[PDB]
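Chemist: Here is my input, please return the structure:
(chains A, B, C, D, E, F, G and H, ligands or ions: 17)
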Amino acid sequence: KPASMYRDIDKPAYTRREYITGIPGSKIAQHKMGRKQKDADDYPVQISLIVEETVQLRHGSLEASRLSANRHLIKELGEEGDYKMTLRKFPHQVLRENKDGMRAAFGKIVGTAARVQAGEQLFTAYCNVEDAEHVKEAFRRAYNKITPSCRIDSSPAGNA
Amino acid sequence: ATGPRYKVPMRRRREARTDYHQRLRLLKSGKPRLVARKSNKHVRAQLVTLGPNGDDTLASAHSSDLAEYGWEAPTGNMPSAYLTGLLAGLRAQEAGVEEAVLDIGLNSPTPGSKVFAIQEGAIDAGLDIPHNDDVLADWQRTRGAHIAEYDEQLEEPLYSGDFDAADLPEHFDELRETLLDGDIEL
Amino acid sequence: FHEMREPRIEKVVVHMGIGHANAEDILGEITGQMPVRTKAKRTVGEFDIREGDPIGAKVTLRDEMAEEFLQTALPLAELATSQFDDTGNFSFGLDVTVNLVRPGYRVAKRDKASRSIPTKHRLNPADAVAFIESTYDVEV
Amino acid sequence: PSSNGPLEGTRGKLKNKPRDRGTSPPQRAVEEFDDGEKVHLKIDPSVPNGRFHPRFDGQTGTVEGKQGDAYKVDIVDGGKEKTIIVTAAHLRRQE
Amino acid sequence: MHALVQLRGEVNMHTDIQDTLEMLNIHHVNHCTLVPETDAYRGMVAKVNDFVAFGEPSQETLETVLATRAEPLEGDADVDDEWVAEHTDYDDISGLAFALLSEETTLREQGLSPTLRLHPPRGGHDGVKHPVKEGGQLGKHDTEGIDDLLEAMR
RNA sequence: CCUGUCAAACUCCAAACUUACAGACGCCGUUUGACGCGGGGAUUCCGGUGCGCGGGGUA
RNA sequence: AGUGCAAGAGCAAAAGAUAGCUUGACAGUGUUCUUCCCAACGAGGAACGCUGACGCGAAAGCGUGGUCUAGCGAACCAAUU
RNA sequence: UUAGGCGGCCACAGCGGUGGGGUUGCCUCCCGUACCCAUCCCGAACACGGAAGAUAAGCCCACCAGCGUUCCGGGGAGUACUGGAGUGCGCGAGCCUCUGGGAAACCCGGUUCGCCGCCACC
Ligand SMILES: [Cl-]
Ligand SMILES: [Cl-]
Ligand SMILES: [Mg+2]
Ligand SMILES: [Mg+2]
Ligand SMILES: [Mg+2]
Ligand SMILES: [Mg+2]
Ligand SMILES: [Mg+2]
Ligand SMILES: [Mg+2]
Ligand SMILES: [Mg+2]
Ligand SMILES: [Mg+2]
Ligand SMILES: [Mg+2]
Ligand code: NA
Ligand code: NA
Ligand code: NA
Ligand code: NA
Ligand code: NA
Ligand code: NA
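Modeler: Numbers count the residues shown, from 1 in each chain, chains lettered A, B, ... in the order given. Ligands and ions are numbered 1, 2, ... in the order given. The protein structure is shown below:
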């Protein structure tokens, strides 16, 4: 279904699993990628993807944009390139759908999403000065798969 | 101790000196408390009342200031106890105090104990206190008959210091008599 | 400084953990004073469901009653190292436990102003081995 | 509300912050008030007896005699006058 | 001492705000009152802050308005120096004005209506949709600011 | 140890704010009698909109 | 932890545990709050008294059932004291 | 207060730790079971009687901040949030200005190793 049905953060926070049952498993394969044995401090360049609008991103998008981004890195810096990217948000907000018309309309559980405040960093990659343009391209591909407009912000990296 | 959520007992409960649950049932009477306390060598009796910043003591008596009237024997036994009660009781009377409830603190309500002795004494001084006669020791044991007859099983003095050999519960009578007497500087 | 620091036997408890008695007979005869029934909490599949119900007996010995018991009890056991408590207590064996402590334990056992014994004033395995070993037998 | 009992919606007002947990000091449980005295009403989570209807937590009444050991405090619920039977443990002098 | 002037009508304004304007003796648009600077009064003017124009007037300005819009507790009697003198603890308007500004007395204590019923602002005001810091006419003003307004509502 | 996130039915914290009582100012009442009390007569118990805060619902 | 059962809350020289004793789960009659915020409305409920009689305790005191909020039913008629 | 008793507030008082202190004085530990009394077995405790010994426990006194707690400074922060107003912006979600209020986390540095009341007492 369209994200138009869940991208807004207008409903109450709905995460208490001791009261919600039948929550669909997350499609997000993994949050920490690249060389997870190495430290983020071991890198000169640190670029993050910043969400420009407070929104809700369904686990299906996180995975799609994460996937399309890491898949790019892997393709440019090899399956074991010197880098490590992180998806810092987790889809805690449970989603419903009323699928009687409006009678007893409290919807059944259909999924999960992560609430991201504008200005926050969704993804954060770490690389050597000679890969910045690749991680920047990965991020560009990733923000085409989420609702908000985003900033590809370079933090540690005065090597321009 | 452990964290922000940790609960520290009221100081006098950590100290294990005050039983606040009994303190409450006690305060309910609205009457002054006749605090009866013991020591290894001494016996104390205070008449306490509730105050804005803590309890106020209106009259007391310590087994030690018993000698100040002639007591020449030990000061941590039955005769000593009874007398300390009577003394504190008399001062209480002088202070305008007329009634009180017996507070024995963390002591045990054992029949014939010294606290009930401190109680019988205060009562005789003319203080009205809720009591039960058969929980008190028999007159003789209050005098010190139990200790005298104990020295009978002598062979060796019961008292190191030189206060007679067979002891004198008469000294008790003579002391009590002294207090009952109108004179005596309280 | 030492006198009020040198170990002493506070109590020697001798109990028989049976599970369903006639045992009380021998304990009284071996110790010198009456036994004590021993009930149990919780229920077990080992046909031991009855919460309150005799299962064992014990005897808490103090003073001579405890020594005169050890003067023969100890001689029947090969005391070891690991067999000692962190506080200087040791249980060997029919169970025979020995509780050792310093001259002021009453501070932690009395009703009024009771307090727990400072660690420095607590007993140690070594100090325990010493005291005992120093009384007709060997350590480890 | 889903139910309409007395303790409905009192999860907060009838519970102690962790540290104030446990039996309360006897002093205020035996305090004495005089008629005309303004007193604040506030249930002590640790004291079961002598309470009043939770709706009245926060009221500042006027002591007007007593019944047994409890006090009879006059208040005004909205525009209606009511008399509340409450013990000292749940009362504090105004000012 | 501040000069209060209602610039926005009662329709749709909160009742507690309206009742404050009335407790400050103003019941119509363009009416003005002189209020002391106390903790209590400050609270009231802050609450009315959005439908009123206020500030401290200049001695002169006050004098002009008093002469032109002051009224007895009853009647059409013009408040001129003579009137002021024959009825107040002062000798003239400036004497009264000075007293008001120094918060020594009030229009009532001198048998004067607590309200100065001003005239619409000649040339118009700066709008009742924005505050002064935004080119509007609502809220607190400079003495130079209030003066212009008051003098225009002469 | 280090490292990544959350809560309508979590809370070591914690507002703005609402609220009891009192005093002060203001306003009001003592020929326009307030506050309150007793009595006669109703109508009314399909509401709607804006804004703020909401709960449900893709809307 | 336990405290009969939802959930939330209370409780540690206890409101929990063990032991012992006991029948206040008593009769009568009220005050007050609740039911029904404000704001009228019954049954029911609770809190807090008093009179009478008791239980326990050294005593203050506690006991108007269960630590607290659910466990309830008019008139007419019948049986019962 | 050269060591006590009863408390109030109930961690600023907790947890942990160092140093000091007692011949007929105080509190203790301590000594001891004929008695009042006591252990479902133990004078361990409780109760009673008492001074050979001790300052090692407790307790009292002086002190340490590592943990927990209280408060304060500076920073975070007039940020987050928010009562009132707007023909201010934005497709919208939402934001902004004016006015009145104003956190929390964390960090750095200070504070806190109890305060006070009545009684008795070289
Ligand atoms: Cl004592
Ligand atoms: Cl009530
Ligand atoms: Mg709530
Ligand atoms: Mg006129
Ligand atoms: Mg024109
Ligand atoms: Mg215009
Ligand atoms: Mg509200
Ligand atoms: Mg009950
Ligand atoms: Mg019928
Ligand atoms: Mg029948
Ligand atoms: Mg020392
Ligand atoms: Na249907
Ligand atoms: Na996008
Ligand atoms: Na048995
Ligand atoms: Na409490
Ligand atoms: Na009823
Ligand atoms: Na010492």
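Chemist: Smallest gap between chain E and chain C, at which residue?
Modeler: residue E:39 (55.0 Å; CB to the nearest CB). For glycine as for every other residue, the C-beta is placed from the backbone atoms N, C-alpha and C.
Chemist: List the residues that contact residue C:17.
Modeler: Neighbouring residues of residue C:17 by CB atoms under 8 Å, 6 or more residues apart in numbering or on different chains: C:38, C:55-56, C:95.
Chemist: oh sorry, the question was meant for residue B:84
Modeler: Contacts here follow CB under 8 Å, 6+ apart; on that basis residue B:84 touches B:43-45, B:61-63, B:66, B:75, B:118, B:121.
Chemist: ok, now residue C:66?
Modeler: Taking CB under 8 Å, 6+ apart as the test, what residue C:66 contacts is C:9, C:11-12.
Chemist: nearest spatial neighbour of residue 117, skipping sequence neighbours?
Modeler: All of this is about chain A. The shortest distance from residue A:117 to any residue other than its chain neighbours is 4.9 Å, reached at residue A:54 (CB to CB, 6 or more residues apart in numbering or on different chains).
Chemist: hmm, I had chain B in mind actually
Modeler: Residue B:117 sits nearest to residue B:81 (CB to CB, 6+ apart), 3.9 Å away.
Chemist: in the one helix or strand the one you found maps to, what counts as buried?
Modeler: For residue B:81, the element it lies in under DSSP states H and E is helix B:78-94. Under the neighbour-count criterion of 16 or more other CB atoms under 10 Å in any protein chain shown, helix B:78-94 has B:78-93 buried.
Chemist: returning to that earlier point: what's the local residue count around the residue nearest to residue A:117?
Modeler: 14 (other CB atoms under 10 Å in any protein chain shown).
Chemist: Identify, from the contacts of residue B:84, the entry nearest to residue A:84.
Modeler: Nearest to residue A:84 among the contacts of residue B:84: residue B:44, at 75.5 Å, using CB to CB.
Chemist: By proximity to ligand 1, which residue of chain C wins?
Modeler: When scored by CB to the ion, chain C has residue C:112 as its residue closest to ligand 1, at 5.9 Å.
Chemist: tell me the contacts of residue 62?
Modeler: No chain was given, so I picked chain A. Going by CB under 8 Å, 6+ apart, residue A:62 touches A:28, A:87, A:89, A:91, A:114, A:146.
Chemist: Switch to chain D, please.
Modeler: By CB under 8 Å, 6+ apart, the contact list for residue D:62 reads D:36-39, D:73-75.
Chemist: and what of residue B:41?
Modeler: Neighbouring residues of residue B:41 by CB under 8 Å, 6+ apart: B:63, B:74-76.
Chemist: Tell me how far it lies from residue B:76.
Modeler: 5 Å (CB to CB, to the nearest Å).
Chemist: shared neighbours of the two, which are they?
Modeler: What both residue B:41 and residue B:76 touch, as defined by CB under 8 Å, 6+ apart, is the set residue B:63.
Chemist: Tell me the spacing between the residue nearest to residue B:117 and residue B:69.
Modeler: Separation of residue B:81 from residue B:69 (CB to CB) stands at 15 Å.
Chemist: that older thread, show me the two of the contacts of residue B:41 that sit farthest apart.
Modeler: Spatially, the most separated pair among the contacts of residue B:41 is B:63 and B:74, at 8.8 Å (CB to CB).
Chemist: Could you name every residue contacting both of the two?
Modeler: B:41, B:80.
Chemist: Comparing the two, which residue is more hemmed in?
Modeler: residue B:63 (26 against 18).
Chemist: What backbone torsions are found at that one?
Modeler: phi -50, psi -20 (degrees, to the nearest 10).
Chemist: Next, count neighbours for the nearest residue to it once chain neighbours are set aside.
Modeler: Leaving aside its chain neighbours, residue B:63 sits nearest to residue B:75 (3.7 Å; criterion: CB to CB, 6+ apart). Using other CB under 10 Å, residue B:75 has 20 other residues around it.
Chemist: cool, and residue A:104?
Modeler: Around residue A:104 there are 7 residues (other CB under 10 Å).
Chemist: and if you look at residue B:18?
Modeler: 15.
Chemist: So it is in contact with residue B:12, correct?
Modeler: Yes. Counting by CB atoms under 8 Å, residue B:18 does reach residue B:12; the two are 3.9 Å apart.
Chemist: What separation do you get for the residue in chain A that ligand 2 sits nearest to and residue A:94?
Modeler: Here chain A gets closest to ligand 2 at one residue, residue A:19, 33.7 Å apart by CB to the ion. Distance, residue A:19 to residue A:94, using CB to CB: 10 Å.
Chemist: Could you do residue B:160 as well?
Modeler: Taken as CB to CB, the span from residue B:160 to residue A:94 is 84 Å.
Chemist: of those two, who's got more company?
Modeler: Comparing residue B:160 with residue A:94 by other CB under 10 Å, the one with more neighbours is residue A:94, at 20 against 6.
Chemist: residues from chain C in reach of RNA strand H?
Modeler: Residues of chain C found near RNA strand H (CB under 7 Å from any atom of the strand) are C:1, C:3-5, C:10-11, C:33-39, C:58-63, C:65, C:102-107, C:109-113, C:115, C:117-121.
Chemist: Could you find the closest non-adjacent residue to residue E:108?
Modeler: residue E:114 (5.6 Å).
Chemist: Report the contact partners of that neighbour.
Modeler: E:25, E:33-34, E:106-108.
Chemist: closest to RNA strand G among those?
Modeler: Lowest distance from RNA strand G to the contacts of residue E:114 (CB to the nearest atom of the strand) belongs to residue E:25, with 30.8 Å.
Chemist: how about the closest one, secondary structure?
Modeler: coil (DSSP: H, G, I helix; E, B strand; the rest coil).
Chemist: just to revisit the earlier point, is it possible to get JSON lines of the contacts of residue C:66 that adds secondary structure and neighbour count?
Modeler: Converted to JSON lines, the contacts of residue C:66 look like this (DSSP: H, G, I helix; E, B strand; the rest coil; neighbours: other CB atoms under 10 Å in any protein chain shown):
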{"residue": "C:9", "secondary structure": "strand", "neighbour count": "19"}
{"residue": "C:11", "secondary structure": "strand", "neighbour count": "17"}
{"residue": "C:12", "secondary structure": "strand", "neighbour count": "23"}
